[PDB]
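Asks:
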Ligand SMILES: *[C@@H]1O[C@H](CO)[C@@H](O[C@@H]2O[C@H](CO)[C@@H](O[C@@H]3O[C@H](CO[C@H]4O[C@H](CO)[C@@H](O)[C@H](O)[C@@H]4O)[C@@H](O)[C@H](O[C@H]4O[C@H](CO[C@@H]5O[C@H](CO)[C@@H](O)[C@H](O)[C@@H]5O)[C@@H](O)[C@H](O)[C@@H]4O)[C@@H]3O)[C@H](O)[C@H]2NC(C)=O)[C@H](O)[C@H]1NC(C)=O
Ligand SMILES: NCCCC[C@H](N[C@@H](CCc1ccccc1)C(=O)O)C(=O)N[C@H](Cc1c[nH]c2ccccc12)C(=O)O
Ligand SMILES: *[C@@H]1O[C@H](CO)[C@@H](O)[C@H](O)[C@H]1NC(C)=O
Ligand SMILES: *[C@@H]1O[C@H](CO)[C@@H](O)[C@H](O)[C@H]1NC(C)=O
Ligand SMILES: [Zn+2]
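Numbering (the deposited numbering), first residue to last: 17 to 614.
Below, the structure is given as structure tokens:
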């Protein structure tokens, strides 16, 4: 009978979940050791343990066919069994899996080991992305210096890894088809449990796109006044090396030269952080404080004992790209961040601690449910708090922002500053996966792979390389997530839903009322709010036990991903900017880039 089997299945799942958590702990430890300390020995260990876990997953997927799980009464049991059937890369033959693992570590270690020569000292060749190159890209206003570092980095992080990336695409595709997905695109999209997810995002993006075009146009206009028309054209895509970020994904680093009102305050607390003696430890302690103030979970002792919150001073290679780690026991959670004392980094700390909080909130769940409601949910958590810490309201409380008058002009400055991160990012994030999906789906011939990347960056973001590129270059893997095989759509989802979360948290905190001029959404601080924290607890504790619309519903009663909230936040900016662009006869839109030779 199926009655007796469903009882046995429940016992089978309880044991297997515990076994999976314990086996994944071992894998995670090896992966942590490698990311903290890149050596051939640690690479070998990381990959061999992963191969062992993959072999066990195969046996598990095989064992699920012994249970008539699709016939069960319990939605919960069926959801767990379905999670176990999804093998991903572990579906590959033993040898193919080992090759993929070797290919993935080759790309990630290449990225992490990139060193360039000083622009002004051809003998000093130990400059790493974090912190040396990123410091220049964010600070220098010498367009030739910027172009030098752009070219050096993309050549070493991107082009060097073309052949490995090609084999990765091949094996990612083979794995997807062994799971009976059309391609790795569909394998990734499966995480959102919604067959209309792509269309939904297209629809949301199309609504926000006009505002992006206005921001793009205004930024280009302001850059022309700074660099001259020899460097920046009125009608062409913006040369990307001028945007304060290696990938032009966020433009907040050039706010000082593109801010709407330069005679009025622009929030940049990095200087005051240094003046007050801020350390990486203090930054993480302050993040911890924010979470506990909302009646959420305090960081466990293991976190403080085991985390790496400063770049090691020895000679060693490591992955500095900030990350948060769940070890699948109790309270063993960690961050590895090469923390610097800057405003941007203070947000990064809060982002990473958002992941940590999610880990702690769902650690009581069965193993298969110990992940986000969807990948976008995991990315949104910390950003919701960062939206609060970024407000003049909060920064004044912690004494990082002094003598600030919040008039109409200062408000536009702050809204614009926020948009340089939040709106600008949306087409960037969409293109990262639009590009990879098109390769996964076999829609682009190998001979056209590089210009296919730059074509998307042009079409969606209106940016282009500083120098002419061709199919002799391969620039995509110059972005961490592309070398590290990390799905990117999670961030596009996050940047939309984080405003749904923020708006609701602010309403719950009594910090936002659309009919009260004293409580605007863009100055909401949810610090100390138990009510906002309660909504987070309700949602985060669920993990992946229910489809994501149920997790959203637990937060604010809503079930639909919507661009209403983000548009509501930036509405005052939209009104001002549209008028300002008309006032200054600002050209909107761009001609097709000439910077990738087919
Ligand atoms: C991705 O899609 C793939 C299809 O494109 C799919 O591959 C198929 O998986 C099937 C397993 O679900 C498998 O079906 C079996 O076929 C056996 C004979 O296959 C031969 O001929 C094929 C030609 O079509 C060849 O391709 C093969 O190489 C073989 O030479 C059958 O022997 C087998 O049967 C047994 O199992 C069924 C179980 O079904 C249930 O059983 C319960 C009992 O507990 C019943 O209550 C229930 O009603 C139901 O019947 C028994 O019924 C039966 O008595 C036998 O014991 C089975 O039909 C198929 O071969 C395989 N390939 C192809 C090409 O079809 C992958 O599994 C998919 N991958 C993922 C990850 O989902
Ligand atoms: N200087 C900013 C660093 C932000 C670190 C983060 N890192 C990722 C790590 C992803 C990962 C996956 C698998 C194995 C190891 C690591 C994260 O924690 O989400 C990330 O990739 N972040 C951003 C995208 C981003 C979303 N929200 C943010 C809030 C602030 C800043 C950036 C972001 C990026 O594209 O760089
Ligand atoms: C880094 O790893 C090597 C071996 O791969 C090990 O001998 C060494 O102790 C590690 N270094 C540090 C600083 O932990
Ligand atoms: C703190 O959270 C607990 C449960 O996590 C809850 O019972 C308690 O009411 C919360 N405190 C406040 C002040 O709401
Ligand atoms: Zn993240």
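In this text, a Cβ means the ideal position worked out from N, Cα and C, and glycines have one as well.
Do residue 23 and residue 43 have their C-beta atoms within less than 8 Å of each other?
Replies: No, they are not a contact pair.
Asks: Does DSSP classify residue 352 as helix, strand or coil?
Replies: Three-state result, residue 352: strand.
Asks: Under 7 Å: does the beta carbon of residue 3 sit that close to some heavy atom of ligand 2?
Replies: Absent from the model: residue 3. The displayed extent of the chain is 17 to 614, so no value can be given.
Asks: Excluding five sequence neighbours on each side, which residues of the same chain lie with their C-beta closer than 6 Å to the C-beta of residue 191?
Replies: Closer than 6 Å at Cβ, skipping near neighbours: 105, 107 and 108.
Asks: Which one or two residues does DSSP pair with residue 341 in a beta bridge?
Replies: Answer is 350, bridged to residue 341.
Asks: Please look up how many angstroms separate the CB atoms of residue 528 and residue 537, rounded, as I've assumed it's under 8 Å.
Replies: So it is a contact: roughly 5 Å between Cβ atoms.
Asks: Measuring alpha carbon to alpha carbon, tell me which residue in 221, 520, 254 and 451 is nearest residue 159.
Replies: The shortest Cα separation from residue 159 among 221, 520, 254 and 451 belongs to 254.
Asks: Tell me which residues share the same chain as residue 235 and place their Cβ nearer than 6 Å to its Cβ, disregarding the 5 neighbours each side in the sequence.
Replies: For residue 235, where only same-chain residues beyond five positions count, the Cβ hits under 6 Å are 274.
Asks: Confirm the yes/no value for this check: CB of residue 330, any heavy atom of ligand 3, distance under 7 Å.
Replies: Correct: residue 330 has its Cβ closer than 7 Å to ligand 3.
Asks: Between which residues of its own chain and residue 451 is the CB-CB distance below 6 Å, once the five residues before and five after are set aside?
Replies: Only 469 and 472 meet the Cβ criterion.
Asks: Quick one: what's residue 613 bridged to in DSSP?
Replies: According to DSSP, which records beta bridges pairwise, residue 613 is partnered with 486.
Asks: Per DSSP, which one or two residues make a beta bridge with residue 143?
Replies: The partner list for residue 143 (beta bridge, DSSP) reads 132.
Asks: Does the beta-carbon of residue 313 have 16 or more other beta-carbons within 10 angstroms, so that it is buried, or is it exposed?
Replies: So residue 313 ends up on the buried side.
Asks: When the Cα atoms are used, what is the spatial distance from residue 187 to residue 134?
Replies: When rounded, the distance between both Cα atoms is 37 Å.
Asks: With the cut-off set at 8 Å, would you say residue 353 and residue 364 are in Cβ contact?
Replies: Yes, the pair counts as a contact, with Cβ atoms nearer than the cut-off.
Asks: Please indicate yes or no: does the CB of residue 380 lie closer than 7 Å to some heavy atom of ligand 4?
Replies: Result no, Cβ not under 7 Å from ligand 4.
Asks: For residue 41 versus residue 345, is the C-beta spacing smaller than 8 Å?
Replies: Cβ distance < 8 Å, so residue 41 and residue 345 count as in contact.
Asks: Write down the C-beta distance between residue 356 and residue 147 rounded to the nearest angstrom, noting that I regard them as a contact closer than 8 Å.
Replies: Right, the Cβ-Cβ distance comes to about 6 Å (below 8 Å), so this counts as a contact.
Asks: Going by beta carbon distance, what residues of the same chain come within less than 6 Å of residue 400, once the five residues before and after it are set aside?
Replies: Contacts found: 514, 517 and 518.
Asks: Suppose you measure from the CA of residue 268 to the CA of residue 260; what does that come to, to the nearest Å?
Replies: In a straight line, the C-alpha of residue 268 is about 7 Å away from that of residue 260.
Asks: State the Cα-Cα distance for the pair residue 222 and residue 103, rounded to the nearest angstrom.
Replies: Looking at the two C-alpha atoms, the distance is approximately 34 Å.
Asks: Are residue 366 and residue 388 close, meaning C-beta to C-beta below 8 Å?
Replies: Result no, Cβ atoms of residue 366 and residue 388 do not sit closer than 8 Å.
Asks: For residue 87, is the classification buried or exposed, using 16 other Cβ atoms within 10 angstroms of its Cβ as the cut-off for buried?
Replies: Classification for residue 87: exposed.
Asks: For ligand 4, I want to know if residue 553 counts as a neighbour, meaning its beta carbon is within less than 7 Å of at least one of the ligand's heavy atoms.
Replies: At least one heavy atom of ligand 4 is nearer than 7 Å to the Cβ of residue 553, so yes.
Asks: Report the residue from 310, 335, 343 and 330 whose alpha carbon sits nearest the alpha carbon of residue 319.
Replies: Of the listed residues, the one whose Cα sits closest to residue 319 is 343.
Asks: Measuring alpha carbon to alpha carbon, tell me which residue in 97, 258 and 189 is nearest residue 85.
Replies: Cα-wise, what sits closest to residue 85 is 97.
Asks: Distance check for residue 581 and residue 227, CA to CA, integer angstroms please.
Replies: Answer to the nearest angstrom: the Cα atoms are 14 Å apart.
Asks: Go through the residues and name those whose CB comes closer than 5 Å to any heavy atom of ligand 4, in chain order.
Replies: Taken from the N-terminal end onward, the list reads 311 and 546.
Asks: Distance, Cα to Cα, residue 368 vs residue 548?
Replies: If I take the Cα positions, the gap works out to 19 Å.
Asks: Do residue 456 and ligand 2 come close, with the Cβ less than 7 Å from some heavy atom?
Replies: It does not: the Cβ of residue 456 is nowhere closer than 7 Å to a heavy atom of ligand 2.
Asks: Do the stretch 486–501 and the stretch 172–185 meet, that is, are 3 or more Cβ pairs less than 8 Å apart?
Replies: Segments in contact, yes.
Asks: Measuring straight from C-alpha to C-alpha, what distance separates residue 329 and residue 168?
Replies: Distance between the alpha carbons of residue 329 and residue 168 is about 24 Å.
Asks: So if DSSP puts residue 255 in a beta bridge, which residue, or which two residues, is it bridged to?
Replies: DSSP, once it has assigned bridges, lists 480 as partnering residue 255.
Asks: Could you say which of 19, 80, 487 and 166 lies nearest to residue 29 if we only look at CA atoms?
Replies: Comparing Cα-Cα distances from residue 29 to each of 19, 80, 487 and 166, the minimum goes to 80.
Asks: To the nearest angstrom, report how far apart residue 306 and residue 18 are at their CA atoms.
Replies: Rounded to whole angstroms, residue 306 to residue 18 spans 49 Å at the Cα level.
Asks: To the nearest whole angstrom, what separates the beta carbons of residue 48 and residue 263, a pair I think is in contact under 8 Å?
Replies: 26 Å between Cβ atoms; not a contact.
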